[PDB]
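A.B. asks: Return atomic coordinates for the entry below.
(chains A and B)
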Protein chains: 2
Amino acid sequence: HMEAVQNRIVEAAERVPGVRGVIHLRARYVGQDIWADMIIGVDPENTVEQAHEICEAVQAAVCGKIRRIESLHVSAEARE
Amino acid sequence: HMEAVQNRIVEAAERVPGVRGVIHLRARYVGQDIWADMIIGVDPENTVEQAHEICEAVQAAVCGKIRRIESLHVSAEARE
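C.D. replies: Numbering: from 1, shown residues only, chains lettered A, B, ... in the order given. Structure data below:
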């Protein structure tokens, strides 16, 4: 049941300003830890710099709320 | 490691309007489920009716965020 932990990741990410959905989330256990890779949607008219700031906020928010995560790589794509 | 689940319960409860701390939290596993009893602090000058509303909001907030909880009994005491 990774459903429970993935549901938490998504919820957490979605509550960060500028996230327009979670497009992708791959999470796996490395021992008792989670390592994850996520793609978020953002406004296409955000700058690249803003997109990088939103990714960094999501990394902070998600890692703050889900203490078992030990690696979280966040990227962004335009979403309408 | 019930520390992780109890930390989540407390955080969740503390973010509900009118909670002035978690005074007490007993949580235990009943199979894979959590059953818990909690006392929250509230403003002494809240009415008894308001205190009951805050308890009901905490029950909702906590059970909404921690899906493994299958019983949560919330009571209130005055806290300055």
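
A.B. asks: quick one, phi psi at residue A:58?
C.D. replies: Note on residue A:58: backbone dihedrals following degrees, to the nearest 10 are phi -70, psi -40.

A.B. asks: Now that it has come up, it's in contact with residue A:19, right?
C.D. replies: Yes - taking contact to mean C-beta atoms under 8 Å, the distance of 6.4 Å between residue A:58 and residue A:19 places them in contact. In this view, the C-beta of every residue, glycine as well, is placed from N, C-alpha and C.

A.B. asks: Name the SS class of residue A:53, please.
C.D. replies: helix (DSSP: H, G, I helix; E, B strand; the rest coil).

A.B. asks: Nearest spatial neighbour of it, chain-adjacent residues omitted?
C.D. replies: Nearest non-adjacent residue to residue A:53, counting by C-beta to C-beta, 6 or more residues apart in numbering or on different chains: residue A:18, 7.9 Å away.

A.B. asks: Show the contacting residues for the one you found.
C.D. replies: Shown here is residue A:18, whose contacts under the criterion C-beta atoms under 8 Å, 6 or more residues apart in numbering or on different chains are A:42, A:43, A:46, A:50, A:53, A:54, A:57.

A.B. asks: what's the most distant pair in the residues you listed?
C.D. replies: In terms of C-beta to C-beta, the contacts of residue A:18 reach their longest pairwise distance at A:43 and A:57, which sit 14.2 Å apart.

A.B. asks: quick one: which of residue A:58 and residue A:19 has more around it?
C.D. replies: Looking at residue A:58 and residue A:19 with other C-beta atoms under 10 Å in any protein chain shown, you find the greater number of neighbours at residue A:58, namely 26 against 22.

A.B. asks: With that, I have no additional questions.
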